[PDB]
Amino acid sequence: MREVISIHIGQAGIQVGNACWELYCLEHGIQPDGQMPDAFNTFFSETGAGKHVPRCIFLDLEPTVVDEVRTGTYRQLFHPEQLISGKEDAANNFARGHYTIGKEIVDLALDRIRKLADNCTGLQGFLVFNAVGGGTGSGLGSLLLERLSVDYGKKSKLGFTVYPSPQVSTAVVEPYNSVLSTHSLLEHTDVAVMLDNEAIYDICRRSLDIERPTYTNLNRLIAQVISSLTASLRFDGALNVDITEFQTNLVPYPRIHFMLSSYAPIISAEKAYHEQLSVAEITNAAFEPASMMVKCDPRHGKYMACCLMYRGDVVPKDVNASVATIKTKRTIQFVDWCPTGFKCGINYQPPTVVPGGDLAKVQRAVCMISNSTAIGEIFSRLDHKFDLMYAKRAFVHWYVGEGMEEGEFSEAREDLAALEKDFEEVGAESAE
Amino acid sequence: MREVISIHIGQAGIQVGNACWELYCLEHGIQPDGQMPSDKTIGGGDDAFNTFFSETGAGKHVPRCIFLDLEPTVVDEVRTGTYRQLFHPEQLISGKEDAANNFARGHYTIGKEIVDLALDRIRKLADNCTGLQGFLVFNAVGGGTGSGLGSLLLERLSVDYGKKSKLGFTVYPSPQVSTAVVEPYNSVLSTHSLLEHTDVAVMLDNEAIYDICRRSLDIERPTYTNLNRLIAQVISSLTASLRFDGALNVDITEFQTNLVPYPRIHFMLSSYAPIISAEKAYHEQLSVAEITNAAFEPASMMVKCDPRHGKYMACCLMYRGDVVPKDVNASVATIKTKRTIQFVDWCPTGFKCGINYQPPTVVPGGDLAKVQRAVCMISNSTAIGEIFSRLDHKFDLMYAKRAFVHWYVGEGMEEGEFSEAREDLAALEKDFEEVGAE
Amino acid sequence: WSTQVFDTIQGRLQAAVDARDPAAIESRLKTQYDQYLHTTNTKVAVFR
Amino acid sequence: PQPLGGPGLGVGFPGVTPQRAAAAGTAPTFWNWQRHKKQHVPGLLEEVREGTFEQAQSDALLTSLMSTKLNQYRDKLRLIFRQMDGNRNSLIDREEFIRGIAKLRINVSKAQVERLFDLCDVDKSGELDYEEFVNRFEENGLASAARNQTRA
Amino acid sequence: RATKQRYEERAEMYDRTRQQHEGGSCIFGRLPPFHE
Amino acid sequence: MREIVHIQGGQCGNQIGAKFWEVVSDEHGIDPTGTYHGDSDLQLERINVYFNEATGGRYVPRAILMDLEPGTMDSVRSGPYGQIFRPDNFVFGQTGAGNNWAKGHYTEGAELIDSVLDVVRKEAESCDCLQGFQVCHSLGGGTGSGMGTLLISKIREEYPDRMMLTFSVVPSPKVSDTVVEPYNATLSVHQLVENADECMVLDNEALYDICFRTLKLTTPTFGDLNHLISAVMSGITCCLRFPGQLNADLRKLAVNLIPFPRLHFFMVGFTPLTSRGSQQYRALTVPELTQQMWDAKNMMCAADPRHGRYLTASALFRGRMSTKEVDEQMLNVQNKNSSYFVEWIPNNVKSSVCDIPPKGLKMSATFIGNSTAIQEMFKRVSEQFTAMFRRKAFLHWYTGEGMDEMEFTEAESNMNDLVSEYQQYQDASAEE
Ligand SMILES: Nc1nc2c(ncn2[C@@H]2O[C@H](COP(=O)(O)OP(=O)(O)OP(=O)(O)O)[C@@H](O)[C@H]2O)c(=O)[nH]1
Ligand SMILES: Nc1nc2c(ncn2[C@@H]2O[C@H](COP(=O)(O)OP(=O)(O)OP(=O)(O)O)[C@@H](O)[C@H]2O)c(=O)[nH]1
Ligand SMILES: Nc1nc2c(ncn2[C@@H]2O[C@H](COP(=O)(O)OP(=O)(O)O)[C@@H](O)[C@H]2O)c(=O)[nH]1
Ligand SMILES: [Mg+2]
Ligand SMILES: [Mg+2]
């Protein structure tokens, strides 16, 4: 049986983890207590288990966000052994999460990985949820990703890392943690997907008319992106996109594995009735820069490979028409070495709505994950923040004292400059 | 009828037997009054309780046990406890003065009078039983009464009841934490007594049970009542096959024919696999491979020695409840391929499996939760040589200055047979080395 | 095929890329991204 | 052709009939055969029967068992109070106390639980507080010493 | 007879409570005894 | 008109033989009380081979029930079809062999084999003409091996002109249920090659692979193995009890399968074994029964039939069926892969057709295989014995009952002579 083991690391990992497993349980009808709703029925409910346990691990070195799950509305879905806590958090330090205090828990975390790998029949991939701005997301994320490549081969690793916004941040050592974490995602992660908090705010503010959004409103639609991309494994459809279909069609080269994301029908409950939502106009709104989860302009770069994943009652006739209308637009630019630039997946299940959630019931949705050379636009802004802070060598005695050396700063910076060069070389075109 | 006699010697023996017979009353439905309530429409359940309880008159069941102690302050707690009516009033045997951590008093001075009354009650219980299978002796090596009177009793049972198996469940001195000062003296003297007299020995370490209660039942302030409760699960699962029918029945004579290679090597280990607390359990069913792996883990083992150092000479698995014969073979097969556990080169196939059909029972208010599957593993290994040489070092540094010897030589015991017990323990250490050597 | 086509076009590509010095790429991408952020700051939405 | 007519009673062919003989089976009868009723703690009483020495012994043994169960960690009493409040208030109600005892899995009757709740409710507010809970379930409290004090 | 029949029927009901397709097995697992 | 006397021994043979009396009584129409309620007049055709006569139409089996522990006869009598046995045949000991060959063969067997033989001599003198003695027991056990082979030696001296079928189970190479199995296996075989006329080798871990992969049984219980064994032991005798086109008695299968007095070990098979859910999916035909017959995963012995050449073989087809199709198929299986058959025996495979099929199916077959590949099972048992006997491990439990260590020497000298004799006839060409 096809399956994916997910790993949620840090503050942002398991707050999305509360949101993603909220949507996962509603998609399959799983109740919050874990049991999906004559002598066998008594046997199946009490002595045996009709309970479904998630194949996730919720690990963080700070217990406050972990015990919220242990005491929340989903206390019975997860195994008590499955959620991992710690004494002291990595505390906005890649040095603590990767060398000093992340080393003690990463041995315990892989033991629960081994139990989840033995429980499954056939494994397909790994989902990693973390934030590259925090110490636990960067440090313990890099430590877990480094070890997962050692014990496990041919099993892909999917990354959904919340990268920092260019303008607003909730931390000051934010450029340092992301630069050091970036070198680990290039080396050890098969597919990484950028996520930007400021872009989610603009989607919530404009297309969903919420003036005062919080992290609960952000994670509800990030979970919509995560649930849609793995939805071809859970449900059947006219065209399927497996987790190995996703690698083989969105990384032309091994180093380029950074993809954007977009969800097309972000329409509120009041605005839904007036809106006509067919396949032709949601795909036009899918490529809209206001509808992207990364604060970047895709017109700056050019798309290399793009995957349009559809949910609901979508015929294959009109997704091809949406492909043709996008390819003829002069603003959406493709690179010249990828003529067949699209992969289309259709899932017959309409997107479920979280009860009390902001999104309305729509019968059509597009989850657009695209490989573009506009990722180098994101990493260039984050590089210039790193160069100014490293010139004065501030916030370095925290990293140097807790195990790291000075040479790791220049080493991870040099890898990112190669990626800046890598996009400018791959995105180059041949004309006449 | 398959039926055994359990003797409990000393304070540690009688306190285990208070918890050991507590679970025996609950499996067979025997009330603390001693009367079995009528259930459904059955003619009689005679084969169930006859192994431990003798039917007396109409609806009265009395245990086939002897609780003998030189001190009355631990035997009167049974006489005034919840089970005051269950026991025969003269099966509980008291004394005037205790041995008081002295092996000389329990063997020579004061243990000689009370051992005569012990065989009188043993002869009456052996006459009541049709076919006796073996004496299950429970005692403390580190106490004066358990080591002293236990040495004198097992010598008398060997002479009278020849060739009948004697399964020894002995509380043994611990490496780090121990409650008495002259325990290395009392431990070395009884080792010569139980080397050649008892046939199967099961070593129980109190600190080992402390470690198990801390990490499995998640209690870091346990009590000897909590300790003796999961000791009772080990003995009950060991003789579970006599009480209840199963696919692969393992009797007491099935134990000694498979679990000892040589007559002088019989010191075994113990482990009880599913140990989950009352609250932590919720709805948790554990796989047969999971509990088999948990049985062989060194942390879940009930005597303080690491199996990784030694070689498993022989091993048996007592399974209980709804376990099928296939997945126990699937569980054993991955143990053989697991290189962190090792078998000796002259025993290429070293497993025995006993599958009983009765799921284990839980006492009310007990720490253990109701589980449908269980493994009780007792294995013979060369890691016991770490145990016996550990207090060999303790006894050697104590006997050199001849401290705590004037008590022992004063009470009839001679000076010269300290060295007889030490040389016997020295030969036992050499026996474990050459057998386990490739 | 390798020597006539692939080695030649990769030589041209790597020559142009090595001619491009990285600081120019970070300066240009920083200016473009700052322009985009300025437009989406001072303007009500950006539309493709 | 079936010259051996009828399905017959007893086991038949592998892959055709189940292992169980048709004379004894074809119904899920003994999947929950326990052979013995659940055994209570010997000191407890199902009914109240207040004002008696047996009731005093039952209350003392129940409180001693509760204290020994809740004083196992260093902070198990606080943890159990948090797990038993349920409705996120700092106070404990009747149904929450019942559910907590059922979670602790001591087989105690409903009237006996209500009696224990009434003795715990010192201030008669219809609701336990943390002070009342810890005062009843101290590690060697007076309600635990009532087990020793049987002659009163 | 009752003990042996209980064992046999519990084995049969374990057989029937396995080989059951939940349909959402990509992100969910029943329990290790049914995933043996 | 010719009768077969069944002996079951030990814990293993009692539960195995109980399921044999489960199936024959139903297949001949005997209800659990003991009377007759089948509606077929062929059920009453040859009842005398496995049932005696009694007043009121009661039929009791010709079974002598044997063990040194009274625990199993509580279990045998308690189940269904357990009241059809005569209580005089319930000869039981009190102590128990306890997996010791010395206790079963010498001390506790000689005290019981006198009373056992009086029951066997009662049943032999009662019937008209003995076809042979059938015994189902164990080799790694203590009562089915120690005292089971004691009865074989005693009853061969009393009746030397009669047949002998031993459905004996053997220890597995992978996992052993008893540590002293190689001692009891090697001592049994030396006492069994000289006495037993022909032998059928069963192995539990060959049956576990049968239950998991052919019957689709995820958690096969202990008695499902016996029902596969019980069908073969009922299928070994289909020509005796019922008419047919070709009749093969026990002596007919003796003369066609053993070419030499010491090569009398078989691996036995069972053809029409599909899962319950695949009763409509599997199309039953004579090529289909033939194909699953010769499949190596179908054999009820742990030895691999592809490793050694088949010396001889036999097929016992049941049902209204065409003699030309088997006769063409048996030529086909001999000529498709001639390397798996010995050259100096033409017509390796014997065929017998019974026109009355078993209950619920219209075609069935039972396969007996005299293969030289069974020496691989004997060599693995031999390697266990030499490793243990060199260091005198577990030997004081055997010399305590009077069996000297010199007895163990010839237990191996005839053991390795078997695998030497089985190797030479495999290596034998038509010339030398
Ligand atoms: N989308 C989203 N992002 C979040 C959420 N919570 C935190 N973040 C991101 O996390 C970043 C802050 O770093 P954290 O993830 O909190 O750091 P951490 O995981 O606690 O690691 P340590 O500080 O070492 O314990 C912010 O910039 C946010 O972008 C959330 O609920 N949703
Ligand atoms: N496991 C376990 N060990 C016990 C228990 N009670 C006592 N012990 C052990 O007994 C040892 C002390 O010796 P005792 O058994 O009390 O002494 P004794 O056998 O009564 O001999 P005397 O005191 O001279 O009469 C301690 O080291 C404990 O390890 C018990 O309830 N459980
Ligand atoms: N197929 C099958 N094997 C069995 C059965 N009962 C026991 N065995 C096997 O017999 C061996 C143990 O036999 P044992 O009880 O020691 O025989 P005994 O010493 O004569 O009583 C184990 O390897 C079991 O696998 C059964 O009913 N069916
Ligand atoms: Mg944090
Ligand atoms: Mg004492």
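Note that chain A carries Swiss-Prot numbering, so the residues on display, from first to last, are 1-37, 47-441.
Here the Cβ of each residue, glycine as well, is placed from N, Cα and C on the backbone.
Annotation comment: Swiss-Prot describes A:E254 as active site. Of all Cβ atoms in the shown protein chains, 15 besides its own fall within 10 Å of the Cβ of A:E254 (active site). Secondary structure at A:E254 (active site), as computed by DSSP, is helix.
Classification of A:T179 (GTP binding site) by DSSP places it in coil, neither helical nor stranded. Residues or ranges marked as GTP binding site by Swiss-Prot on the basis of similarity to another entry: A:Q11, A:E71, A:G144, A:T145, A:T179, A:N206, A:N228.
As annotated by Swiss-Prot, Mg(2+) binding site applies to A:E71, with the evidence given as similarity to another entry. Taking the Cβ of A:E71 (GTP binding site) as reference, residues of its chain lying under 8 Å away and at least six apart in sequence are, in sequence order, A:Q11, A:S94, A:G95, A:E97, A:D98, A:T145.
For the pair A:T179 (GTP binding site) and A:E254 (active site), the Cα-Cα distance reads 36 Å.
In this view, the densest Cβ surroundings among the binding-site residues A:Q11, A:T145, A:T179, A:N228 belong to A:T145, judged by other Cβ atoms lying within 10 Å. Less than 6 Å separates the Cβ from ligand 4 in the case of A:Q11, A:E71, drawn from the binding-site residues A:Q11, A:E71, A:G144, A:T179, A:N206, A:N228 in sequence order. There are 21 other CB atoms within 10 A of the CB of A:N206 (GTP binding site), with all protein chains counted. Reduced to three states, the DSSP call for A:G144 (GTP binding site) is helix. Across the fold, the C-alpha of A:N206 (GTP binding site) and the C-alpha of A:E254 (active site) stand 28 Å from each other.
Annotation for A:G144 (GTP binding site): spatial neighbours A:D98, A:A99, A:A100, A:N101, A:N102, A:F103, A:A104, A:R105, A:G106, A:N186, criterion Cβ-Cβ under 8 Å with sequence separation of six or more.
Residues A:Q11, A:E71, A:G144, A:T145, A:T179, A:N206, A:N228 are recorded as binding GTP; their most distant pair of Cα atoms lies 22 Å apart. The separation of A:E254 (active site) from A:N228 (GTP binding site), Cα to Cα, is 26 Å.
The 6 Å Cβ screen around ligand 1 retains A:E71, A:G144, A:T145 from the recorded positions A:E71, A:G144, A:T145, A:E254, ordered by sequence position.
In the three-state DSSP reading, A:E71 (GTP binding site) counts as coil.
DSSP assigns A:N206 (GTP binding site) to a helix in the three-state reduction. DSSP classifies A:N228 (GTP binding site) as helix under the three-state reduction.
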